[PDB]
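K.L.:
when you get a sec, could you give me coordinates for this:
(chains A, B, C, D, E, F and G, ligands or ions: 9)
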Amino acid sequence: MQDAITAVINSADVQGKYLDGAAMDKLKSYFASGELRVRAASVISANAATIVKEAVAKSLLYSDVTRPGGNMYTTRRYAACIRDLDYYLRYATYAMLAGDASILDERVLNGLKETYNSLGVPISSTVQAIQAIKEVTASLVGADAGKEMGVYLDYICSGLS
Amino acid sequence: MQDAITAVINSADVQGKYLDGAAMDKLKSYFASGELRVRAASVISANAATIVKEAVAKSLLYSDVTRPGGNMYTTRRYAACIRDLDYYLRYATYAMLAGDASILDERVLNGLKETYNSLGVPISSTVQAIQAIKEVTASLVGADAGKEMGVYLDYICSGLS
Amino acid sequence: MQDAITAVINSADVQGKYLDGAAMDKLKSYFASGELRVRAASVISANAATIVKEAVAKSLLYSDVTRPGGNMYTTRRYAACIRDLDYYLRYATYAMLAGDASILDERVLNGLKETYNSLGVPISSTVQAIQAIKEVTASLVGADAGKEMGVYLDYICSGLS
Amino acid sequence: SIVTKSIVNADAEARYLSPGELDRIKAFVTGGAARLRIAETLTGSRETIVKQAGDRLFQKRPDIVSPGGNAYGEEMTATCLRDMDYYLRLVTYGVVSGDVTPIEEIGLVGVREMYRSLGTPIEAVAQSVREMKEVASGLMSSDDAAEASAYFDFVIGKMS
Amino acid sequence: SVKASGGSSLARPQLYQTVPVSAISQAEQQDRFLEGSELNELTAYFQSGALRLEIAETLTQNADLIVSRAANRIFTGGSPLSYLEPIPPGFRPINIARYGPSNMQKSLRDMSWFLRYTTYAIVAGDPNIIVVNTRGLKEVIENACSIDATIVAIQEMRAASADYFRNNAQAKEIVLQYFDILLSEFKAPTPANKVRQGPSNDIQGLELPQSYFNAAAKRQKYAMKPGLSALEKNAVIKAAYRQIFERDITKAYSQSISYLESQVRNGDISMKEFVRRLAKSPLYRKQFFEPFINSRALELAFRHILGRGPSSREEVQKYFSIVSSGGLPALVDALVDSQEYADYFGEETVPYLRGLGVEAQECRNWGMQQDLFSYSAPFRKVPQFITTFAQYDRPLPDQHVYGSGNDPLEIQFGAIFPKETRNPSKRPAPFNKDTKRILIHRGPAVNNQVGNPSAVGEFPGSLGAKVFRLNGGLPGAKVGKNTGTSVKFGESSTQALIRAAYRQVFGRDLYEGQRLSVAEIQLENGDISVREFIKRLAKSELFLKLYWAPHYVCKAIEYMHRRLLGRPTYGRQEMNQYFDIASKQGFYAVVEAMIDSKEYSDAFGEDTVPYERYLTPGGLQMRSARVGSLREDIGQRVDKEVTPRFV
Amino acid sequence: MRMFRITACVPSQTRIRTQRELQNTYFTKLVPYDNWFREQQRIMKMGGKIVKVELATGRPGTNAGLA
Amino acid sequence: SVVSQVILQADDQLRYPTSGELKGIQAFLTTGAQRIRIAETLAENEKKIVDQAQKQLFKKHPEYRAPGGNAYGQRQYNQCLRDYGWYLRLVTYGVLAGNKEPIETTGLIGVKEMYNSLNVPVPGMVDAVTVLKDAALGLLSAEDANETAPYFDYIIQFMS
Ligand SMILES: *[C@H](C)[C@H]1/C(=C/c2[nH]c(/C=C3N=C(/C=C4\NC(=O)C(CC)=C4C)C(C)=C\3CCC(=O)O)c(CCC(=O)O)c2C)NC(=O)[C@@H]1C
Ligand SMILES: *[C@H](C)[C@H]1/C(=C/c2[nH]c(/C=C3N=C(/C=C4\NC(=O)C(CC)=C4C)C(C)=C\3CCC(=O)O)c(CCC(=O)O)c2C)NC(=O)[C@@H]1C
Ligand SMILES: *[C@H](C)[C@H]1/C(=C/c2[nH]c(/C=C3N=C(/C=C4\NC(=O)C(CC)=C4C)C(C)=C\3CCC(=O)O)c(CCC(=O)O)c2C)NC(=O)[C@@H]1C
Ligand SMILES: *[C@H](C)[C@H]1/C(=C/c2[nH]c(/C=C3N=C(/C=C4\NC(=O)C(CC)=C4C)C(C)=C\3CCC(=O)O)c(CCC(=O)O)c2C)NC(=O)[C@@H]1C
Ligand SMILES: *[C@H](C)[C@H]1/C(=C/c2[nH]c(/C=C3N=C(/C=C4\NC(=O)C(CC)=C4C)C(C)=C\3CCC(=O)O)c(CCC(=O)O)c2C)NC(=O)[C@@H]1C
Ligand SMILES: *[C@H](C)[C@H]1/C(=C/c2[nH]c(/C=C3N=C(/C=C4\NC(=O)C(CC)=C4C)C(C)=C\3CCC(=O)O)c(CCC(=O)O)c2C)NC(=O)[C@@H]1C
Ligand SMILES: *[C@H](C)[C@H]1/C(=C/c2[nH]c(/C=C3N=C(/C=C4\NC(=O)C(CC)=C4C)C(C)=C\3CCC(=O)O)c(CCC(=O)O)c2C)NC(=O)[C@@H]1C
Ligand SMILES: *[C@H](C)[C@H]1/C(=C/c2[nH]c(/C=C3N=C(/C=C4\NC(=O)C(CC)=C4C)C(C)=C\3CCC(=O)O)c(CCC(=O)O)c2C)NC(=O)[C@@H]1C
Ligand SMILES: *[C@H](C)[C@H]1/C(=C/c2[nH]c(/C=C3N=C(/C=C4\NC(=O)C(CC)=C4C)C(C)=C\3CCC(=O)O)c(CCC(=O)O)c2C)NC(=O)[C@@H]1C
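P.N.:
Residues are numbered from 1 along each chain as shown, chains lettered A, B, ... in the order given. Ligands and ions are numbered 1, 2, ... in the order given. Below, you will see the structure:
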């Protein structure tokens, strides 16, 4: 895994060059918005249970999936999905702290698309459930942090789809 | 595994409805023919070693497969096929007891078909071996339960092919 | 793995016939060349680092791979390439001692093609590195022992390509 | 980086970063302008450090440049000047990251068997960084150099 | 009572996590010095800690005011502070008199203790103390206390602590968020308990609340994912070496199999397959199989692979049958291809030591697993599991009441005791007070005092030890042999008695400048009896120096009793007696008590030198279960060798 | 020693009750021949689904020279 | 089913079902006529059971219907009777199969964190099963009730 500062090292490392002005100004942006990254992650950490709770509320609750026949019906299945959504939230929280999207592809998006296909998990509803988090989280942390939050959440759903 | 008793339950679970008289009639059939299944299981359990031998001698022994060049020549591979047929009979007894061929779909035909293609195990010779098992178990137990037993051994035959 | 002795044994056991004079000549060939194989292996074990020393210097060093942006730039990757070529030497020595290229086909060239494609390791430069070993290893022990090793190194070349 | 060491340890613990861990990230980000100032001076006089400590290496260890050693003429001398240029670049990467991660990931893992295959003594390349530490400390202020030397001695210590 | 004990080593559970604890233990588990990360964790905390002192100091002083303003707002109808020990959802103020004094005392102290734990949380710098103690609290308090009244009470305290402090936004937010965590954890209902399901029929199933695994320091879990950068990949492999070999051997001795390392780094073989191949490797075989017995190597293989000790007697019996059949590979294969291994670690996760804090523990193999998780486990070469499990079903073993170590070896001289530290072979057994140990008499079996107490002063007739008595007249007793008589025959007999009396007190014959010459000549003159002479040799400063001083107190008491009475102590009743004298009076009085005992006087007179009367079953086994000395009819079927009828 | 290139997903049944961390259930690994029977049985007892199995190491129908 | 539990236990030890295991199947298959009778008297008479269970719950717990509750909306109140209808459905499945397994996999395994993520109290639902039990066994005959009783009691156990 890398960061926003580690990636700018690695992008300059392949050329075999020192930290130039084009690399230095990219170091400035993450170092300035780093305080904003800490605060929003601290808000998410304190309200970890709430976002997942409200995400299901306006997506998966009172729906076709939770009705018998789907993969959300049984208490074994339902508890598994909210566990996943909690994990998808957590790894996204790490992603914004790092300033890198490769951490999603690292631990989560290794083969979570095809393992869901093996068990017969609907992707379309899962993407919509991921999309549901974005609205809840952005209202909690802010519009500035939520847009930065949205990128890594979009990275999760795009790879799954 | 999914038993025949739990088959109508799980079907009603997906539907999200109570077991009707058109669904409980199959359950009534299982409750009536259940005592036949136990006695059939008791005979096979006692004569587990004998059923195998009477089938191997009928089909596999004194053939090209047991002679040099075949896949059932070496003692190592001979003990493997004996082990296989021991597991083939035991799991067929489970499906006979449960009343459903789900255990054959789960704990038999999961990746067994593809392992046999990998090692170069003859599919036609294995089918003949299970067909030899079928004729022995029908002669030992009876025509009443052996025909019922033959369905689950056909499921292995259709699964391998 | 199958050595030159066991390869004859295996071939005879497939047909299921005793060791005849048409098969025993292969054994006689191995027992005659056995002194040459052991003595050569002692030279390779002596100059295990020394063969790799020259091979990298004449092929891999002062090239595009060692330069930034390559696959031999980082010391981690450099040491891995040194690690690789000592395996390509050790297992070829094993193949020389065995008298068959079964060891290289199972423990080296298992999924080595797929690995080198996935990471982004240049196969063409790896082939040149093996050819660099071949030239060094030939002019260290002898022409007869060098061409013996050369065949097994060509198996690595053909396997990776 | 510090931020990589946060997540890796958080995934090992399988929980969110604690306020104690978050205070570390807070301190690293706020003290990021100070650590960026270290690299800016080193990238400015990148030619100066490598050359000055380079001739010091041939002075302190003559055997390197003397017949029999790795250094010969100009072509083997330039590679030694290139190696010292690489390690000074490696220091600056570890300087901005605040941790000794980019030093390890790029050029420190399997460094012993790396120079074994070339025939370069490991204590000699350790001595070159020692001299590179001395020249760099003299260029900038002492309090600023104290942070800089901490990443320098890591390069020395592993190659010692 | 239980007949066996596995040991009771000190358990140290982490009640709550602090910032220094979280930082230090993070690198401790990784076996690293605190790097630039973990130092910065402390640096930021130590700077903020000065401010965190000012948070608590104000809150500790004004603690009375906060709880007073809280209780007045919540409870109506009188004064709640008579007996001191923003967003309303829909709370109703509780009456003081209706709630009752006992319930009011609980309510008041909890409100103070909530604030007290908040002050501890800031000082600790980690809301772990809150998360643990507040999570599963809503359910247990629901029964006889209103939830709606508690939320507004905390929310009142949140405002109360905010207005009273109010220093800086960098200061007050620490107070705010920790209170915000407090209410959120209290609003959260009790989570499901961690169910440790039994892997087979032999092992019991367990349960642990979601609070115990919230503080007790989570074991760092490493998983090999194929995409990871090689630095954290190295950290996974190092941890895998730290699990299998108990330590990082690749750092210590540069002992590493790079052949296996390369395949896992790629993703050819999984971590399950790595552990499999690493535990059947010659590197593990030499270190954790070769130096150990088949039973102990099995016990070590359990903690390396499964990360726990053998749980049941049947499990040890099963896995020993495997290691006897196919050896180390078959054992490893059985451990990796188990239902437990793939449930805990799966395929990717490195095995980890699951102890007191990680999961629910069973009350069966407590002390056996405690010593196993220690780094001093691969030095205990005596098996701890199979020994205790077998002793559990059996009655109390042939052992001293204070352990197996308290038993000396039954030898002629030298107090030799099994050391606790050197080769751990401590076998505790719950012995009670009135527990008499069965001892084998040296002489006739009928002459045992347990069944025949009258035959206590009966001499062993060529069955036991030789009895020395001053039966013959001492030289110069009567004035019959006047002046001369140079060849007085009765002189060698008393000298041989003296030497034997020396040999009883001190197992070996002493040197030139060690013999008490004053005591010898008083016995020879007939001034003192043998009883007094034995007492004087045991009251000697040499006996103090040689047997009493270098040994454990109760070891020294036990050995003294085996020398002066020639008998091991029956149990606690006698051992506690002499130990009480040893505490109050001293060593000399213990000597005095053992000589002036009635049993001494019954066995040995005033002229009788003591001798070995009773042995321990373990001691006699050392004597008469060797190749020689052992009879043919001890534990063997004897067939009468007769000449055949054709001969 | 013959090895099988096996591809199987093995979902955890106790993950909810045990409250352990989430692990990647889908794996492509090499497994020895002597262990494969115990490996396959273990997977299919957990309710795991085997996707693809390939004989990557060894020759099909070998008599002499395996390990 | 008890049929499944036997063949699971037999397969775990890698053997055929034993003498006592087969007789355990034999005992169930004979009493299957009674098992069928459980289903009809609960499924058809659901509306009386569900209404009695809910009126006794909200009387004993006047919190969810009260302000700051859980089921305040009419769509939320239907969901509480939906759960009641689903639990009695799960009871029937359990009795018919003969064991807890049908109830276990569907509505017991991970049922605590189910209602935790919906703000429904598990100590509130442990009292919901008891009143559902009391209503059910009251309608059932004396000897029929004692069969259906321990299935309800297991649900109580797993809740709180
Ligand atoms: C919720 C959005 C939807 C849903 C989810 C669902 N997924 C599974 C199956 C699994 N998912 C995981 C979890 C992960 N694996 C990883 O490595 C990561 C990244 C860290 C995640 C998130 C796993 C391991 C499984 C397998 C089961 C297990 O716990 O081991 C299920 C269960 C499928 C089953 O019946 O077994 C479910 C329900 N399904 C929906 O209906 C939602 C729309
Ligand atoms: C003679 C020493 C004893 C004996 C022999 C006997 N064996 C069989 C059956 C078979 N023997 C084998 C075994 C092998 N085939 C191999 O490839 C190897 C290893 C190289 C061996 C040893 C096989 C496969 C058979 C099956 C027969 C066939 O050709 O298909 C029998 C026949 C048993 C029967 O009644 O069916 C016999 C008699 N038995 C004795 O009593 C002697 C002590
Ligand atoms: C006998 C009917 C025929 C035959 C059998 C045969 N099989 C193998 C190899 C294996 N068989 C299996 C398959 C199973 N694993 C399972 O989980 C089940 C379902 C319960 C089965 C039956 C496996 C895993 C192996 C590998 C052996 C091991 O110990 O891991 C062989 C050996 C192949 C070889 O060349 O070595 C043989 C001979 N083939 C015949 O010739 C008969 C017609
Ligand atoms: C040197 C000739 C070229 C080169 C090498 C290179 N290889 C890797 C990575 C791997 N190497 C292997 C190969 C083997 N491991 C084995 O077990 C065996 C058989 C005994 C061999 C030959 C594998 C599996 C890997 C992957 C895991 C690992 O790193 O060990 C790298 C690193 C790639 C990366 O970035 O991860 C390199 C650099 N590269 C060149 O440019 C040379 C021409
Ligand atoms: C000077 C301090 C000492 C010295 C240097 C020396 N180095 C080489 C050859 C190489 N050095 C490296 C090292 C790196 N290149 C990289 O890309 C990195 C990672 C950032 C490092 C650290 C390598 C790989 C080479 C090969 C050259 C190439 O890039 O193609 C030599 C030449 C050795 C030879 O004869 O081939 C020398 C002399 N040696 C000393 O004795 C000095 C103390
Ligand atoms: C036979 C000569 C006498 C005998 C033996 C006996 N042994 C056991 C059980 C065990 N054997 C051992 C001993 C060993 N472990 C080691 O590491 C070694 C050295 C390599 C040995 C020999 C152990 C630890 C066990 C326990 C395992 C188990 O439960 O089987 C028994 C079984 C006793 C029981 O059931 O508890 C027996 C009978 N005892 C006699 O009666 C013979 C005179
Ligand atoms: C001399 C050959 C080597 C040697 C001897 C040595 N022995 C001791 C002390 C003791 N000796 C014994 C052993 C015995 N107890 C018995 O019952 C018997 C059989 C009759 C014997 C031989 C004992 C018990 C001791 C302990 C003290 C005592 O005397 O009671 C020592 C002194 C050890 C100490 O540190 O106190 C020594 C040195 N050691 C050598 O170096 C010689 C090769
Ligand atoms: C008779 C049923 C069987 C038998 C007995 C036997 N016992 C001994 C020797 C001893 N017996 C004991 C045991 C006890 N002493 C106690 O304090 C208690 C508890 C109340 C008991 C039961 C002891 C200590 C001894 C040793 C001698 C002594 O009295 O101190 C023997 C003689 C063994 C020898 O070789 O000396 C015998 C024969 N053996 C049989 O054949 C019967 C089946
Ligand atoms: C009535 C007794 C109590 C109550 C009920 C209530 N439940 C929900 C939410 C859900 N409950 C279920 C149902 C089940 N999950 C299962 O797996 C099973 C077994 C088969 C059952 C019975 C599910 C899946 C949901 C969510 C689906 C949905 O929302 O449609 C609610 C809704 C939560 C809300 O308030 O929004 C309610 C009201 N509420 C109480 O207070 C009673 C004690």
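K.L.:
and the longest helix for the chain?
P.N.:
You didn't say which chain, so I picked chain A. helix A:75-98 (DSSP state H).
K.L.:
um, chain E though
P.N.:
Chain E, longest helix under DSSP H: helix E:36-61.
K.L.:
do that one and chain D meet at all?
P.N.:
Yes: judged by Cβ under 8 Å from any Cβ of the partner chain, helix E:36-61 comes into contact with chain D at E:36-38, E:40-41, E:43-45, E:48. Where C-beta positions appear, they are placed from N, C-alpha and C, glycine not excepted.
K.L.:
which residue comes closest to the residue nearest the centre of chain D once chain neighbours are left out?
P.N.:
Compute the mean C-alpha point of chain D, and by Cα atoms, centre = their mean the closest residue is residue D:91, 3.1 Å away. Nearest non-adjacent residue to residue D:91, counting by Cβ to Cβ, 6 or more residues apart in numbering or on different chains: residue D:151, 5.4 Å away.
K.L.:
and stretch E:422-434, how far apart are its ends?
P.N.:
31 Å (Cα to Cα, to the nearest Å).
K.L.:
buried set for it?
P.N.:
Going by neighbour count (16 or more other Cβ atoms under 10 Å in any protein chain shown), the buried part of stretch E:422-434 is E:424-429, E:431.
K.L.:
for chain D, which residue gets nearest to chain B?
P.N.:
Proximity of chain D to chain B (Cβ to the nearest Cβ) peaks at residue D:14, 30.6 Å away.
K.L.:
which one is that residue nearest to, not counting chain neighbours?
P.N.:
Residue D:14 sits nearest to residue F:21 (Cβ to Cβ, 6+ apart), 4.3 Å away.
K.L.:
for that neighbour, list the residues it contacts.
P.N.:
Applying Cβ atoms under 8 Å, 6 or more residues apart in numbering or on different chains to residue F:21 gives the contacts D:14, E:221, E:349.
K.L.:
can you give me the helices for chain A?
P.N.:
A:4-13, A:21-32, A:34-46, A:48-57, A:75-98, A:102-103, A:114-119, A:123-141, A:143-160.
K.L.:
now the stretch 301-450 of chain E against chain G: closest residue?
P.N.:
For the stretch 301-450 of chain E, Cβ to the nearest Cβ, closest residue to chain G: residue E:339, 8.3 Å.
K.L.:
now the nearest residue to that residue once chain neighbours are set aside: which helix or strand?
P.N.:
Residue nearest to residue E:339 in three dimensions, not counting chain neighbours: residue E:199, with 5.4 Å by Cβ to Cβ, 6+ apart. Residue E:199 is part of no helix or strand when elements are defined by DSSP states H and E.
K.L.:
shouldn't residue E:199 be in contact with residue E:338?
P.N.:
Yes: taking contacts as Cβ atoms under 8 Å, residue E:199 lies within contact range of residue E:338: 6.8 Å.
K.L.:
how much space is there between residue G:107 and residue D:44?
P.N.:
69 Å (Cβ to Cβ, to the nearest Å).
K.L.:
which of those two has more residues huddled nearby?
P.N.:
Shown here are residue G:107 and residue D:44; by other Cβ atoms under 10 Å in any protein chain shown, residue G:107 has more neighbours (24 against 11).
K.L.:
now that one: phi and psi?
P.N.:
Residue G:107 has phi and psi values of phi -140, psi 30 when expressed as degrees, to the nearest 10.
K.L.:
go on, residue A:14?
P.N.:
phi -70, psi -30.
K.L.:
from residue E:642, how far out is it?
P.N.:
Taken as Cβ to Cβ, the span from residue A:14 to residue E:642 is 95 Å.
K.L.:
looking at the two, which is more packed in?
P.N.:
residue A:14 (11 against 7).
K.L.:
enumerate every residue touching that one.
P.N.:
Contacts of residue A:14 (Cβ under 8 Å, 6+ apart): C:68-69.
K.L.:
ditto for residue E:152
P.N.:
Going by Cβ under 8 Å, 6+ apart, residue E:152 touches E:73-74, E:87-89, E:91.
K.L.:
let's see 7 Å
P.N.:
Residue E:152 makes contact with E:74, E:88, E:91, according to Cβ atoms under 7 Å, 6 or more residues apart in numbering or on different chains.
K.L.:
highest neighbour count among those residues?
P.N.:
Going by other Cβ under 10 Å, residue E:74 tops these with 19 neighbours.
K.L.:
okay, the contacts of residue F:21 in TSV with distance to residue B:23 next?
P.N.:
Shown next, in TSV, are the contacts of residue F:21 (distance: Cβ to Cβ, whole Å):
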residue	distance to residue B:23
D:14	44
E:221	46
E:349	43
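K.L.:
filter those to the buried ones?
P.N.:
Buried among the contacts of residue F:21 (16+ other Cβ under 10 Å): E:221, E:349.
K.L.:
where along chain D do the strands fall?
P.N.:
Using DSSP state E, no strands are found in chain D.
K.L.:
list the residues that contact the closest residue to ligand 6 within it.
P.N.:
Nearest residue of chain D to ligand 6: residue D:12, at 36.8 Å (Cβ to the nearest ligand atom). Residues counted as contacts of residue D:12 (Cβ under 7 Å, 6+ apart) are E:220-222.
K.L.:
what's the helix or strand for the residue nearest to residue D:14?
P.N.:
Per DSSP H and E, there is no helix or strand for residue F:21.
K.L.:
does any part of the longest helix seen in chain D sit near ligand 5?
P.N.:
Taking DSSP H as the criterion, chain D has its longest helix at helix D:75-97. Yes: Helix D:75-97 is in contact with ligand 5 by Cβ under 6 Å from any ligand atom, via D:76, D:79-80, D:83-84, D:86.
K.L.:
reformat those residues as JSON lines; add distance to ligand 4 and neighbour count.
P.N.:
Listed next are the residues of helix D:75-97 next to ligand 5 as JSON lines, based on distance: Cβ to the nearest ligand atom, whole Å; neighbours: other Cβ atoms under 10 Å in any protein chain shown:
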{"residue": "D:76", "distance to ligand 4": "23", "neighbour count": "14"}
{"residue": "D:79", "distance to ligand 4": "19", "neighbour count": "16"}
{"residue": "D:80", "distance to ligand 4": "23", "neighbour count": "22"}
{"residue": "D:83", "distance to ligand 4": "19", "neighbour count": "19"}
{"residue": "D:84", "distance to ligand 4": "24", "neighbour count": "21"}
{"residue": "D:86", "distance to ligand 4": "17", "neighbour count": "17"}
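K.L.:
specify which member of those residues is nearest to residue E:20.
P.N.:
Within those, proximity to residue E:20 (Cβ to Cβ) peaks at residue D:86, which comes in at 38.1 Å.
K.L.:
show me what contacts that closest one?
P.N.:
Per Cβ under 7 Å, 6+ apart, neighbours of residue D:86: residue D:107.
K.L.:
if we go to 10 Å?
P.N.:
Residues near residue D:86 by Cβ atoms under 10 Å, 6 or more residues apart in numbering or on different chains: A:16, C:68, C:73, C:75, D:50, D:106-107.
K.L.:
quick check: residue D:139 vs chain C, distance?
P.N.:
Going from residue D:139 to chain C by Cβ to the nearest Cβ, to the nearest Å gives 26 Å.
K.L.:
pretty sure that residue contacts residue D:40?
P.N.:
No: counting by Cβ atoms under 10 Å, residue D:139 stays clear of residue D:40, with 12.0 Å between them.
K.L.:
circling back: report the contact partners of the residue of chain D closest to chain B.
P.N.:
Contacts of residue D:14 by Cβ under 10 Å, 6+ apart are A:87, A:90, E:218-221, F:20-22.
K.L.:
phi and psi next, for residue E:219.
P.N.:
Residue torsions, per degrees, to the nearest 10, at residue E:219 are phi -70, psi 130.
K.L.:
skipping its backbone neighbours, what lies nearest it in space?
P.N.:
Spatially, and ignoring its direct neighbours in sequence, residue E:219 is nearest to residue E:352 (4.6 Å; Cβ to Cβ, 6+ apart).
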